[PDB]
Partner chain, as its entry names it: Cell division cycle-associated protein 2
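Before any questions on how it binds or moves, here is one chain, the form deposited without its partner chain, in structure tokens.
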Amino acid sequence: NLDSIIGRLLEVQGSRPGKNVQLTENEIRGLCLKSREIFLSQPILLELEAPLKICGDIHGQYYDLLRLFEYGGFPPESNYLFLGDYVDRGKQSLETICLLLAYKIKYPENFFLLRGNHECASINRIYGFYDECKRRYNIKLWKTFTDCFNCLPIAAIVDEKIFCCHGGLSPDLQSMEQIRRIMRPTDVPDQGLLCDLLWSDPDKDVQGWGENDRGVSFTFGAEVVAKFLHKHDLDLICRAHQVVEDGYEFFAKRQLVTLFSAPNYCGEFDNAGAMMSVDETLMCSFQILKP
């Protein structure tokens, strides 16, 4: 009953933020199981074509997810690539992931979700998604989401020129074949290629690879980016994973962009959200959502 699920998720459009949508347990379990098989049938390194809308972190800010679709166009009017970190911190992670999974099932060739570092049980145990599942449903449903997260794809290349992933580059990343050989389902390890793709950050003050203040993975400098793009015949890295005041922010003379789609992020920041449009000529533009 996929249309009924989407209809009830969208009903709270225009409402005051916070109003819950409580689907049944069996509906939610259905969403995980069907989306999981779609994720596994599709490559772990997606090959996408413009036109596309690209969105960064959401973190359970469900009313801002609805805002994004209002600006970008509700599926299937636009094609979407999300870069991860759907859950934790916000008050409505369940509504957020459920609508994203519902859209992946309904439009499986035009709607895409990458894995962020919060799509990992050990992380979202700490940062709120476990608690939200336990309170509103039960722990077994959280384990069902985990099994589904473990199958998400990790990266995307749009029209052979834009490399997308949640976190960033890896010192272990020599060829795109290494990403394609990552076996799913898997948990995110504490180090290595999959970790770095989900966890690394650019840094304006590092030359080469540096220690990451997060305590996980690395920072990389502008020269790492330029070498990567030249080596792989790419034009742009598109990533998320860090809040930026204007919703998007360029790095390395516009060779990398950070996208963040949760305005007024977890109430603490006064940032805009942004969504990047890529048209058929690979021109990029940004739609801005102020707090």
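Residues that one form lacks are left out of the comparison. Here the rigid core means the biggest group of C-alpha atoms that line up within 1.5 Å when the two forms are laid on top of each other. Residue numbers count along the first chain shown, from 1.
Chemist: On average, are the C-alpha B-factors higher in 270-278 or in 15-23?
Modeler: Averaging CA B-factors over each stretch, the winner is 15-23.
Chemist: Select between 77-85 and 129-137 the stretch whose C-alpha atoms have the higher average B-factor in the entry.
Modeler: Here the higher of the two C-alpha B-factor means belongs to 129-137.
Chemist: Based on the PDB record, which member of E95, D172, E119, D187 exhibits the highest Cα temperature factor?
Modeler: By C-alpha B-factor in the record, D172 ranks first.
Chemist: Could you tell me which one of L114, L99, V206, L198 shows the highest CA temperature factor in the PDB record?
Modeler: The C-alpha B-factor peaks, among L114, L99, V206, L198, at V206.
Chemist: Sort the modelled residues of this chain by their C-alpha B factor and say whether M183 lands in the lowest, middle or highest third.
Modeler: Within its chain, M183 is a highest-third residue by C-alpha B-factor, going by the deposited values.
Chemist: Comparing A50 with the other modelled residues of its chain, is its CA B-factor in the lowest, middle or highest third?
Modeler: As the PDB entry reports it, the C-alpha B-factor of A50 lands in the highest third of its chain.
Chemist: Which third of the chain does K91 land in by C-alpha B-factor: lowest, middle or highest?
Modeler: Ranked within chain, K91 CA B lands in the middle tercile.
Chemist: Once the chain's modelled residues are ordered by C-alpha B factor and cut into thirds, is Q61 in the lowest, middle or highest one?
Modeler: Answer is middle: the recorded C-alpha B-factor places it there.
Chemist: When the deposited Cα B-factors of this chain's modelled residues are ordered and cut into thirds, is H166 in the lowest, the middle or the highest one?
Modeler: Its C-alpha B-factor belongs to the lowest third of this chain's values.
Beyond what is shown, the protein has a form solved in complex with its partner chain; the following relates to that form.
Chemist: Heavy atoms within 4.5 Å of its partner chain in the deposited complex: does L114 have any?
Modeler: Taking the distances in the deposited complex, the answer for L114 is no, it never comes within 4.5 Å of its partner chain.
Chemist: State yes or no: in the deposited complex, is some non-hydrogen atom of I162 no more than 4.5 angstroms from a non-hydrogen atom of its partner chain?
Modeler: Judged by the heavy-atom cut-off of 4.5 Å, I162 is in contact with its partner chain in the deposited complex.
Chemist: Mark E70 yes when one of its heavy atoms lies within 4.5 Å of a heavy atom of its partner chain in the deposited complex, and no otherwise.
Modeler: Yes, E70 is a contact residue.
Chemist: Does the 4.5 Å heavy atom contact test between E223 and its partner chain in the deposited complex come out positive?
Modeler: Contact with its partner chain, no.
Chemist: After core superposition, I'd like to know whether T24 moves between this form and the one not shown (criterion: C-alpha shift of 2 angstroms or more).
Modeler: Result for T24: no, shift under 2 Å.
Chemist: At 2 Å or more of Cα shift, core superposed, where are the runs of at least three residues that differ between this form and the one not shown?
Modeler: Moving region between this form and the one not shown: 14-17, nothing else.
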